[PDB]
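Let me begin by presenting the structure, written as structure tokens, before commenting on it.
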Amino acid sequence: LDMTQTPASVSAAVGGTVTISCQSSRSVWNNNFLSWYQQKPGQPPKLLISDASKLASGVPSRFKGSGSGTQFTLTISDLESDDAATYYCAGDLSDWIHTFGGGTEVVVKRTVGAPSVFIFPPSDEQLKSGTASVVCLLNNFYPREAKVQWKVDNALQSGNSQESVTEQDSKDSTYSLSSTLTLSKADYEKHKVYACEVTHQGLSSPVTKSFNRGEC
Amino acid sequence: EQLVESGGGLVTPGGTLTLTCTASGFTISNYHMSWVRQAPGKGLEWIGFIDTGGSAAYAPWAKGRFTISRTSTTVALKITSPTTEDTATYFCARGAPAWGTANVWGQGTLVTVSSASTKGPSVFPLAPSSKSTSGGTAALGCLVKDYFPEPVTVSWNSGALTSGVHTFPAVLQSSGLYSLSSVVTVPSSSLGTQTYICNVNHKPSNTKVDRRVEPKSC
């Protein structure tokens, strides 16, 4: 690659330090035409540093750029919860070669926390249209990995769910996850017990939330 | 200093789309302007840039498929014969990415390359209950189902409610339509008193929906 950024992911607790590296295939222009960016979901990337070490406006001094020629480093000291983001270097390698590194995810380390679990039945409105979505919410947990198992009258459901996970929260450093089970109205109304079973490092044993179709 | 992008949206494969950026708080003709794209879940990729004289340079992969131009007040990117591989968020960025003048970027606009039709969402309640409350705290939300293309935005109580809100990334369903949920945790003792309304906007279909979410009468 013209620009090799490593590692893919780096992690520290609040107050800690993370180090991100970028190596260009040939020396960048003026030996220091290298910038660093921070990007959060739904946003354009934000310039942190240009000219290898020069802080952009509004950027705290705890973001430190160093290096020259082909070898550059971003050191983030005094890590904050709001540093949870993906970071990119960008280089000008002369000959109009402008290129980005592949990016580095920064994970803020945090005390292990179990999810709070909620299950939601399909709405009557949706059922009228012939489809039933059943939703299980896993709220505010850490670390990211979690397992959801759907059961319908104790039959394990497979291949009919999809899940989505939020970015790490900028304040409390947790994740949340939603899982959606999709059935036809006809299949939904043929069964009683709907259960969401959750496995996570913060749980000594799986947590199950359930409802009985129709019941209050 | 601000860049405002426009011109994105849905485009049929092999078609042609053009994106435009204008500037606020600075004089756009005084700068190089770059275009950068980012495919869903992927990294940043520099497409090309254009100098103050109107001379453009491109990444090797981008040549012939992208055209960058400018006027005294605008800079534009034309996408030639798009495939599904060109589906991405496109940014206009001042200068070049390594340069100190690249501190100003447009918000980014999604280009979706697809033959499929625009479709607005249905919005369903995720109602609070006994299976949805723990320790005095309940959860509720909205299921925003079956829309195309991205994006949708969700607010609660017209932006007055932000604490404890989680709006999930959309999932592409096997039907080819998107779905997402937005949830919020609230006091269970509030469920009878307080009003909770999710405000859904799907600008691609110019669809707006307000859904009030309350415990189901059972």
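Hey, can you tell me all the residues within the stretch B:40-57 that are in a strand (DSSP E or B) and of a type in the set (D, E, K, R)?
Once the filter is applied, which keeps residues that are in a strand (DSSP E or B) and of a type in the set (D, E, K, R), the stretch B:40-57 yields only B:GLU45.
From the list A:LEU137, A:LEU183, which one is aliphatic (A, V, I, L, M), outside any loop (DSSP other than H, G, I, E, B), more than 13 Å from the chain's Cα centre (by Cα) and at the interface with another protein chain (Cβ under 8 Å from one of its Cβ atoms)?
A:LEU137
Name the residues in the stretch A:84-105 that are without any contact (Cβ under 8 Å) to a residue 60 or more places away in the chain and of a type in the set (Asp, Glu), would you?
Selection gives A:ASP95 alone.
Would you confirm, using the coordinates I've provided, whether A:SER35 is assigned by CATH to the domain that holds A:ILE97 and surrounded by 23 or more Cβ atoms within 10 Å (Cβ to Cβ)?
Against the criterion (assigned by CATH to the domain that holds A:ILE97 and surrounded by 23 or more Cβ atoms within 10 Å (Cβ to Cβ)), A:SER35 qualifies.
Restricting the first residue to the stretch A:115-129 and requiring it to be more than 8 Å from chain B (Cβ to nearest Cβ), which pairs with a second residue that is among the acidic types (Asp, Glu) meet a Cβ separation below 9 Å and a spacing of at least six or different chains?
Pairs found: A:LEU127/A:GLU189.
Do you know which of the residues in the stretch B:58-94 that are outside any loop (DSSP other than H, G, I, E, B) and touching a helix residue (DSSP H, G or I) at 6+ places or on another chain (Cβ under 7 Å) is nearest to the other protein chains (Cβ to nearest Cβ)?
Per the stated criteria, the residue is B:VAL75.
Quick one: B:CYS21 ticks every box in (1) within 11 Å of B:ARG70 (Cβ to Cβ); (2) in contact with a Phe, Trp or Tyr (Cβ under 8 Å, 6 or more places away or on another chain) except a single one, so which number is it?
B:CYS21 satisfies every listed condition except (2).
Determine if the stretch B:195-205 includes at least one residue that is assigned to a loop (DSSP other than H, G, I, E, B) and surrounded by fewer than 22 Cβ atoms within 10 Å (Cβ to Cβ).
Yes, some residue in the stretch B:195-205 is assigned to a loop (DSSP other than H, G, I, E, B) and surrounded by fewer than 22 Cβ atoms within 10 Å (Cβ to Cβ).
Applying the selection to the stretch A:60-72, what residues are surrounded by 17 or more Cβ atoms within 10 Å (Cβ to Cβ) and either touching a residue at least 24 places away in the same chain (Cβ under 8 Å) or not charged (D, E, K, R) (or both)? Break it down stepwise before answering.
First pass over the stretch A:60-72, keeping only residues surrounded by 17 or more Cβ atoms within 10 Å (Cβ to Cβ): A:63-65, A:67, A:70, A:72.
Correct list: A:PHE63, A:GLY65, A:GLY67, A:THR70, A:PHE72.
Give the residue, chosen from A:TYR175, A:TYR188, that is of a type in the set (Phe, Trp, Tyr) and within 12 Å of chain B (Cβ to nearest Cβ).
Numbers: A:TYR188 fails: within 12 Å of chain B (Cβ to nearest Cβ).
Just one listed residue meets the conditions, A:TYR175.
Name the strands (runs of 3 or more DSSP E) wholly inside the stretch B:95-171 in which the number of residues that are among the charged types (D, E, K, R) and facing chain A (nearest Cβ under 8 Å) is 1 or more.
B:137-147
Tell me the strands (runs of 3 or more DSSP E) entirely within the stretch A:1-57 that contain at least 2 residues that are in contact (Cβ under 8 Å) with a residue 40 or more places away in the chain. Let's see the steps before the verdict.
Working: elements: A:3-6, A:9-13, A:18-24, A:34-39, A:46-50.
Those strands (runs of 3 or more DSSP E) span A:3-6, A:9-13, A:18-24, A:34-39.
Report, by residue number, each residue of the stretch A:191-216 that is outside any loop (DSSP other than H, G, I, E, B) and within 11 Å of another protein chain (Cβ to nearest Cβ).
A:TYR194, A:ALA195, A:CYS196, A:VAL207, A:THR208, A:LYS209, A:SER210, A:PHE211, A:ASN212 - these are the residues of the stretch A:191-216 that are outside any loop (DSSP other than H, G, I, E, B) and within 11 Å of another protein chain (Cβ to nearest Cβ).
Here are the criteria: (1) among the polar types (S, T, N, Q); (2) in a strand (DSSP E or B); (3) over 17 Å from B:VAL36 (Cα atoms). Tell me which single one A:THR111 does not satisfy.
Tallying (1) among the polar types (S, T, N, Q); (2) in a strand (DSSP E or B); (3) over 17 Å from B:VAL36 (Cα atoms), A:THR111 fails exactly one: (2).
In the stretch B:27-41, which residues are touching a residue at least 12 places away in the same chain (Cβ under 8 Å) and within 13 Å of another protein chain (Cβ to nearest Cβ)?
In the first step, residues of the stretch B:27-41 are kept if they are touching a residue at least 12 places away in the same chain (Cβ under 8 Å); the result is B:28-40.
Correct list: B:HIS32, B:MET33, B:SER34, B:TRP35, B:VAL36, B:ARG37, B:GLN38, B:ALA39, B:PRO40.
Can you work out which of the residues in the stretch B:107-157 that are surrounded by fewer than 21 Cβ atoms within 10 Å (Cβ to Cβ), of a type in the set (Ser, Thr, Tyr) and without any contact (Cβ under 8 Å) to a residue 24 or more places away in the chain is nearest to B:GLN38 (Cα to Cα)?
So, considering only residues that are surrounded by fewer than 21 Cβ atoms within 10 Å (Cβ to Cβ), of a type in the set (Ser, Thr, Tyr) and without any contact (Cβ under 8 Å) to a residue 24 or more places away in the chain, the one nearest to B:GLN38 (Cα to Cα) is B:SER134.
Can you tell me which residues in the stretch A:65-111 are more than 24 Å from A:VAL14 (Cα to Cα) and in contact with a helix residue (DSSP H, G or I) (Cβ under 6 Å, 6 or more places away or on another chain)?
Within the stretch A:65-111, A:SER68, A:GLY69, A:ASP92, A:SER94 meet the criteria.
Say we look at the stretch A:159-172 and pick out the residues that are more than 8 Å from chain B (Cβ to nearest Cβ) and assigned to a loop (DSSP other than H, G, I, E, B); which of these is nearest to the chain's Cα centre (by Cα)? Give the derivation first.
Taking the stretch A:159-172 as the starting set, the residues that turn out to be more than 8 Å from chain B (Cβ to nearest Cβ) are A:159-161, A:167-172.
Checking which are assigned to a loop (DSSP other than H, G, I, E, B) leaves us with A:159-160, A:167-172.
Values: A:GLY159: 23, A:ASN160: 23, A:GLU167: 4, A:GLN168: 5, A:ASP169: 9, A:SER170: 11, A:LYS171: 14, A:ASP172: 14 Å.
Among residues in the stretch A:159-172 that are more than 8 Å from chain B (Cβ to nearest Cβ) and assigned to a loop (DSSP other than H, G, I, E, B), the one nearest to the chain's Cα centre (by Cα) is A:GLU167.
Kindly establish whether B:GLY106 is more than 18 Å from A:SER179 (Cα to Cα) and touching a strand residue (DSSP E or B) at 6+ places or on another chain (Cβ under 7 Å).
Yes: the conditions hold for B:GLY106.
All of this is worked out from the model, or read from it or from the source named; none is laboratory data. Reconstructed Cβ throughout: ideal geometry from the backbone, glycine too, with neighbour counts over all protein chains shown.
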